[PDB]
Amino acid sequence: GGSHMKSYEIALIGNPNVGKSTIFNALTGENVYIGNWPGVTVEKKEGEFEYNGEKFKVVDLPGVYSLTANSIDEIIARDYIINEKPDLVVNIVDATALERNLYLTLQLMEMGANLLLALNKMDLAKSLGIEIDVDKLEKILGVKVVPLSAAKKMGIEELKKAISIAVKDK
């Protein structure tokens, strides 16, 4: 007997230095396990948060620019996405270098990942005069995008909500 909280598995992936760690910490806080991927010194962060009565397991994937097989990072990440089948892939994208960030995003879509796009660093883009038409972006990609500035703690609660929804979309 007892309670059964419905549970989900989500993965965070993006280029290095886009706010992945910042977003991971904001989502999971103190519930966090830090270890290595097997037989390797690549860090594996996992944690969970609870939202609207459901449990969300988060795994931080290694930062990568592409999902070929040019590094063990890429191999680890690709193998996880294809073969561990997360309920949702949150692709964290840096608004201050969209074009280069989207290279990875495209491969992700092309793998049939259940995608949600977290468009981070909106504040940095604003201050550098970088213009992003978020709507045009959603439309062209055909994936939901959530603008935020995780370091400034804005849009994180949006992200949480959008995640709880994009997950029921498997």
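Residue indices: 1-based, along the sequence shown.
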- Query: Should residue 69 be counted as unmodelled in at least a third of the other PDB entries compared?
  - Reply: no
- Query: Taking the other compared entries of this protein, do a third or more of them lack coordinates for residue 36?
  - Reply: yes
- Message: If you take the mean CA temperature factor per stretch, which one wins between 122 to 130 and 46 to 54?
- Response: 46 to 54
- Task: Identify the stretch, either 89 to 97 or 67 to 75, whose C-alpha atoms have the larger mean B-factor according to the entry.
- Result: 67 to 75
- Task: Could you look up the Cα B-factor of residue 33 in the entry and say which third of the chain it sits in: lowest, middle or highest?
- Result: highest
- Message: Quick check for you: using the entry's CA B-factors within this chain, is residue 62 in the lowest, middle or highest third?
- Response: lowest
- Message: Which third, lowest, middle or highest, does the C-alpha temperature factor of residue 140 belong to within its own chain?
- Response: highest
- Note on the structure: The third of the chain into which the C-alpha temperature factor of residue 20 falls is the lowest
- Query: Looking at the C-alpha B-factor of residue 113, is it in the lowest, middle or highest third of its chain?
  - Reply: highest
